[PDB]
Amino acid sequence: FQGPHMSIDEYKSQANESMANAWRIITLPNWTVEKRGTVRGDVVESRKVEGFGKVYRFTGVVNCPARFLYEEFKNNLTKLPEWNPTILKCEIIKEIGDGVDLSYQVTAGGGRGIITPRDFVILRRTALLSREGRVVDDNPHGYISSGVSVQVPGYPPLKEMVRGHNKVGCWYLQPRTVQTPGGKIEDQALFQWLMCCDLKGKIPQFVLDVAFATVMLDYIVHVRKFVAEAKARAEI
């Protein structure tokens, strides 16, 4: 009767567990700087977490409203390949309610040859959060989109591609209002991204630290270009 493959209530439970894990981790103290970016304030940091291993966090400021980026990444996951060349393919498997979905993603190589091309089967939750990490309906402190790797029937590992494993991850956006150098008051986004992938190899931790920092700093270039194009179309 009861088989190896998860139910819909089990997918939602796992999505809620992963979102709470991602929010807990991304708000921990005591991060080590790995790499500062070219644009001012961009940083990749790391730390160790019991049960996950080494986790990486990008922080930077993006020049648009936090709500705008949240609604893009929430509602247009299949458009990722159009503006992010690192994402080769993105398909929604199923949408199951309460901001939970399943997706199939194919990534290009990253970290200058270290991180091979790979595919993923991702369980996501997308929510509005309070400052203490409760789900809210309106007046959010922050906006989250979590991810974790799961197994879905119909999406076995391909012989031609490594099946990657996202242990825990999220994007986490907070609205900021800033005074520019010219004195304009502008609505911007504090953009945070948590990454924690299993790689085979026993590839030295020093090599992985550089490769993961490179992946994160390459991705933010594509986000800023997306935002610049939206501003030039008067969307923001």
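The numbering used is simple: start at 1 and walk along the sequence shown.
task = On mean C-alpha B-factor from the PDB entry, just flag whether 178-186 or 55-63 is the higher one.
result = Averaged over C-alpha atoms, the B-factors run higher in 178-186.
message = Going by the mean C-alpha B-factor recorded in the entry, which is higher: 146-154 or 76-84?
response = On average, C-alpha B-factors are higher across 76-84.
Deposited CA B-factor, highest of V33, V168, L173, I26 = Largest recorded C-alpha B-factor: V33.
message = Sorting by Cα B-factor within the chain, modelled residues only, which third would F206 end up in: lowest, middle or highest?
response = Its C-alpha B-factor belongs to the highest third of this chain's values.
ask   = With respect to C-alpha B-factor, does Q105 fall in the lowest, middle or highest third of the chain as deposited?
value = Ranked within chain, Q105 CA B lands in the lowest tercile.
request  = Taking the chain's C-alpha temperature factors as the reference, tell me which third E132 falls into: lowest, middle or highest.
outcome  = Highest third - that is where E132 ends up once the chain's C-alpha B-factors are sorted.
ask   = In terms of the chain's CA B-factor thirds, is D138 lowest, middle or highest?
value = Highest third.
request  = Going by the recorded CA B-factors, say which third of the chain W193 sits in, lowest, middle or highest.
outcome  = Tercile = lowest for this residue's CA B-factor.
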